[PDB]
Amino acid sequence: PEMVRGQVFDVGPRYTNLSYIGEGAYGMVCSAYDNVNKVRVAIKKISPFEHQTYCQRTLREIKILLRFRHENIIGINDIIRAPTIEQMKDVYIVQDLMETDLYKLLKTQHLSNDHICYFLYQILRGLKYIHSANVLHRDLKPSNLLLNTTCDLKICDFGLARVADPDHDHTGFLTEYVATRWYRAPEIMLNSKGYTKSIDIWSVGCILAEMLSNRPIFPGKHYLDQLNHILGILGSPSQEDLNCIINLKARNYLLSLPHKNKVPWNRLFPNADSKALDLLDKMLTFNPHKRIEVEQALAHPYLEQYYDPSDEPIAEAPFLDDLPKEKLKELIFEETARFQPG
Ligand SMILES: COc1cc(F)cc([C@@H](CO)NC(=O)[C@@H](C)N2Cc3ccc(-c4nc(Nc5cnn(C)n5)ncc4Cl)cc3C2=O)c1
């Protein structure tokens, strides 16, 4: 087997001429030439079976990506694993190869307003599909937005996704860790389990702000800092919004804060398009019930050059994993069976 920076990649005979792309807690990702379709693909080696949480992310991603088909959502083209459960130690997920991600891109490149507009369109177009399937991505962030050399955008990593469950969204104060901290909506820290579509809209708002300035808008240095950053810009919630928060610990925390005025978007983003800032405001609304929804956002004047509901497709139909890691391995085995010869 070919070796890539220490690891084996058991992907042959079909996939050859491997080259390192990246590493992380997920595993390792390479490009590789596909000897069938004669195109270079990405392959990620995932080794989840000792960790229930890794098994959950792997199963969720596989189940979701196999069902979804959309231009702005990364696919799974093939999955390589051992022929038996006993011999299966790794799962390789083969996906379309992309040049970079928005996190890498924002570290190095100034985006024109036209690029910002086009990227936000593709994010929302993809999200319209995801939400139309009653699915929440729940970890939207620049590193989960893949880009090719012509700036086509694809959402990736569906391992943290859930089916939407808005009647069971309420929880207590400083409970929850939904999303990656900088992209996590205020209600997560206050009273929300992140089981509504408005969680994803918040993250998109944070992405938009970051495209405007190449700097995260709410860079909390740790968990507790995150609400400080958000309220620092948005200001004190209104009486109406506060009254929606019935949990006393959360309400009284907010009431204990000194009055803070809203920092106007045009001062944080003096070079930004005024329409972009109007949409940004509506995505970064404190009250999730008042927050713009994905189809309204697509309809916003900022995106008028692209908006076309007939070309913004929805899923054909809507889409208990409190299970031990051994059971999750079986379900991963069954879910990947269709890519074996048989
Ligand atoms: C503890 O964490 C995890 C444990 C798990 F058991 C499983 C996971 C899974 C599911 O939750 N999560 C991921 O696999 C996420 C984290 N990533 C990483 C990743 C890297 C590259 C590409 C990629 N990259 C490119 N091109 C590219 C990138 N950079 N360059 C210069 N080129 N093309 C095509 C592709 Cl699929 C996609 C992804 C992706 O989805 C996480």
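Going from the start of the chain as shown, residues are counted 1 onward.
The backbone N, Cα and C atoms fix where each Cβ goes, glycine too.
Listed features, source Swiss-Prot:
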type	residues	note
DOMAIN	15-303	domain 'Protein kinase'
ACT_SITE	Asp139	active site, proton acceptor
MOD_RES	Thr175	phosphothreonine
MOD_RES	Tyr177	phosphotyrosine
MOD_RES	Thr180	phosphothreonine
MOTIF	308-312	motif 'Cytoplasmic retention motif'
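DSSP labels the residues of the motif 'Cytoplasmic retention motif' (308-312) in these numbers: 3 helix, 0 strand, 2 coil. Around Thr180 (phosphothreonine), the same-chain residues at least 6 positions away in sequence with a Cβ under 8 Å from its Cβ are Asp139, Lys141. Take the CB of the residue listed as 'active site, proton acceptor' and look out to 10 A: across all protein chains shown you find 23 other CB atoms. Residues within less than 8 Å, Cβ to Cβ, of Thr175 (phosphothreonine) and separated from it by at least 6 positions along the same chain comprise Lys193. Taken residue by residue with DSSP, the residue listed as 'active site, proton acceptor' is part of neither helix nor strand, so it is coil.
Separation across the 5-residue hole in the deposited chain, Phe319 to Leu320, is 13 Å (Cα atoms).
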